[PDB]
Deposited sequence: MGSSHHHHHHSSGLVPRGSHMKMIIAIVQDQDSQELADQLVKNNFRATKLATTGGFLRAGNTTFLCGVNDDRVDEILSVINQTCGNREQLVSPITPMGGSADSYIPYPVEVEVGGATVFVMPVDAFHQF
């Protein structure tokens, strides 16, 4: 009914292409840390499977680690 926080660690050489395909599927993600790049992206419940699948197609093999975390509340100001 509501949101999840995705936290993803992936290979930097997939950072470019993953980021590109997030954009194409209307996912708004933030680049957090590299060496391995960490992204976090707020996603609707409906669309977790969707973003998992995108991360999967563009990353891993390559490597990828993903956390789906609960969100109590979301505000845009």
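**Q** Spell out the unmodelled ranges of the deposited sequence for me, N- to C-terminal, numbering from the first residue.
**A** In the chain as deposited, 1-18, 54-60, 87-113 carry no coordinates.
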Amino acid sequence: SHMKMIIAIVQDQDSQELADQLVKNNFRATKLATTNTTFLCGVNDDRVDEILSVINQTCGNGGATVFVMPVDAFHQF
From here on, numbers count along this sequence of modelled residues.
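**Q** Which is higher on average in the deposited entry, the C-alpha temperature factors of 64-72 or of 15-23?
**A** Averaged over C-alpha atoms, the B-factors run higher in 15-23.
**Q** Go through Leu40, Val43, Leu52, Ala33 one by one and give the residue whose Cα B-factor in the PDB entry is largest.
**A** By C-alpha B-factor in the record, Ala33 ranks first.
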